[PDB]
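Okay, here we've got a single chain as structure tokens, the form deposited in one PDB entry, with questions on binding and movement later.
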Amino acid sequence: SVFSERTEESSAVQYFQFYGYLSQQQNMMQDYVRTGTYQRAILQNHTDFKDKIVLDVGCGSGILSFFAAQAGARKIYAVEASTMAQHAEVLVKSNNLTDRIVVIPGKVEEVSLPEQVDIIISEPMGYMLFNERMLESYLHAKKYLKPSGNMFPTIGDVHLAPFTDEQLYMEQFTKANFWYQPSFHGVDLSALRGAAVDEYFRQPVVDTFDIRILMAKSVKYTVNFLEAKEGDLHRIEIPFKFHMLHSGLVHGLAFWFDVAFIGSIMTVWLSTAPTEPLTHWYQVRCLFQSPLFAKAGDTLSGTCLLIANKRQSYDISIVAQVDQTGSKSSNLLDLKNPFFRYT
């Protein structure tokens, strides 16, 4: 199947085991920005669900399907590959919605549905939006979508912007500095200094930050889920040209994302921007191994290249330069293994 072909077994096992835990579902459900915004998007666009056939891709506990049911859906096919599917069925029964919500255990790439659906709902967003590669399952599910059908979310925006944060930089540099020791209990570790720096700086930093660290207005990269094909997410090339608003050191690029539910009644946005209330996605920052100096008025140009790997994540390549000086920085990051820094 499409899923197994792009995914190492070791990763899939761990991945679906992870979402098999009720505590993780609880943690996601207790993100009230997420949950509330989804419920609002669905309910305030109740006409897009009323007497409609719905597909919930990766229903988890089934919360989105229940929202769809509240909105008047005739039938909701709720696909879930983890053992959580068993728990969702319990809730369907205890909430007396057996006539409206149908749990279908399995991977959306593998199961069979009785009919085409009018609308697809899902929450496929991970860190930096693209982590977990669930967007591909979401897009893959469009094989079940009627020609004029809709998708909630409809579009996704990735925002990137350069930042300055000396403390974070030296925080990681310090950790890498351990391997500079010429005599750790009498052992010379310095030969591994370079490998240590590489490793630590391959980690995207997941946390929040004050918006005042940003050195320029963000660049936006948009994926239209109605138009995009699964293959489109294998290799994502995001060019950027920032117009620097402040002078100083650029220590790296900050990432966040918005998704929009473009319904018939209104458009509802779910944002993880640092200007907005915090979500369980936080924000993501990719550090340069060495900061670039730029003065206001300068342009910071380059590319962020995301290559999907078989571990349900992305290999990140960031190349950036100060156009006026030719000061250039490159870094490679492993999105699957971030550094959780929050409090």
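C-alpha atoms forming the largest set that superposes within 1.5 Å between two forms make up the rigid core. Numbers for residues come from their place in the sequence shown, where the first is 1.
Enquirer: Would you determine, from the values in the PDB entry, which of 173-181 and 235-243 has the greater average C-alpha temperature factor?
Expert: Higher of the two, by average CA B-factor, is 173-181.
Enquirer: From the list 90, 121, 265, 103, select the residue with the highest C-alpha B factor recorded in the entry.
Expert: So the option with the highest C-alpha B-factor is 265.
Enquirer: Split the chain's modelled residues into thirds by Cα B-factor; is residue 280 in the lowest, middle or highest one?
Expert: Its C-alpha B-factor belongs to the middle third of this chain's values.
Enquirer: How does residue 136 rank on Cα B-factor within its chain, lowest, middle or highest third?
Expert: Lowest third, going by the recorded CA B-factors of the chain.
Enquirer: Going by the CA temperature factor in the PDB record, which third of the chain does residue 289 belong to: lowest, middle or highest?
Expert: It belongs to the highest third of the chain when residues are ordered by C-alpha B-factor.
Enquirer: Using the B-factors in the PDB entry, rank residue 44's C-alpha atom against the chain and give the third, lowest, middle or highest.
Expert: As the PDB entry reports it, the C-alpha B-factor of residue 44 lands in the highest third of its chain.
Enquirer: Report the third (lowest, middle or highest) to which the CA temperature factor of residue 155 belongs, ranking only the modelled residues of the same chain.
Expert: Its C-alpha B-factor, which the entry lists for residue 155, ranks in the lowest third among residues of this chain.
The same protein also has a form deposited in another entry, omitted here; what follows describes it.
Enquirer: Superposing the core, which one of 213, 192, 71, 113 shows a C-alpha shift reaching 2 Å or more between this form and the one not shown?
Expert: Looking at each option in turn, only one qualifies, and it is 192.
Enquirer: On a core-based superposition, does residue 96 travel 2 Å or more at its Cα between this form and the one not shown?
Expert: Moves: no, less than 2 Å.
Enquirer: Is residue 181 among the residues whose Cα moves by 2 Å or more between this form and the one not shown after superposition of the rigid core?
Expert: Yes, its C-alpha moves 2 Å or more.
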